[PDB]
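Before any questions on binding or motion, here is one chain by itself as structure tokens, the form deposited in one PDB entry.
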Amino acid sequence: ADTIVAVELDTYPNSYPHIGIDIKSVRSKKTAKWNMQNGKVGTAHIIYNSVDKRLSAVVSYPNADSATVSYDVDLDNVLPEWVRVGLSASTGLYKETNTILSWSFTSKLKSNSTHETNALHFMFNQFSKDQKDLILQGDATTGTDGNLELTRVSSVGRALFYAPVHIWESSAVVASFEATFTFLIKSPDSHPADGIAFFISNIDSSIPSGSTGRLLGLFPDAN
């Protein structure tokens, strides 16, 4: 199967809406109560570093309380050395959107050497119709208002960055990454079933057959 590490925001009544950390499985390793705010723009902050070896997420809304979750995990023992990073989304049977307004990533590998740092950094504040640097999978598309629509507008969409990412290296004193993305989940229904995730996977990851709904387009089965 693909190898997945993902921080997901989900309202699927499996059972309150929550933010969760997933290490190779949809049955989250850790979750926190999340107050999904329909129609309001949210902001997810994800961070990791090899020294602490702890993956942390923070989701907040303006004038708001924030939800936060952290999980101690050494990504070196989970993920391959080279990965692709991306955004996922799955809609239950409700009318709703999963608009990503902006996305940014930064990765750094600092060696044992003097002045040896390797780094990648992309910042999307405005997606275009032909966003060549992104691999779009599922129902995802770009250009709609200069945004990225992950889900159809039971839909599943995804968008991974083109260039593979060097997440870890056996000779680095401190590897690290940090991702930030602003989303807008709008639904006419009062209690919609929806989910987005920032995930890290093998370079050639693709939508598993039947990864719909609570499987977020990341996993082929919970069982």
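All residue numbers refer to positions in the sequence shown, first residue = 1. Residues that one form lacks are left out of the comparison. Under this definition, the rigid core comprises the largest set of C-alpha atoms superposing within 1.5 Å between the forms.
The discussion below concerns the form deposited in another entry, not included here.
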The mover among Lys40, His191, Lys53, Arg27 between this form and the one not shown, judged by a CA shift of 2 Å or more on the rigid core, is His191
Would the C-alpha of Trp82 be classed as shifted by 2 Å or more between this form and the one not shown after rigid-core alignment? no
With both forms fitted on the core, check whether the Cα of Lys95 differs by 2 Å or more between this form and the one not shown. yes
If the CA atoms of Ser190 and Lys40 move by 3 Å or more in the other form, do they move toward each other or away, so closer or farther than here? farther
Sense of CA distance change between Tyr61 and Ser190 in the other form, threshold 3 Å: farther
Displacement runs between this form and the one not shown, C-alpha, 2 Å or more, three or more consecutive residues, core aligned: 92-96, 189-191
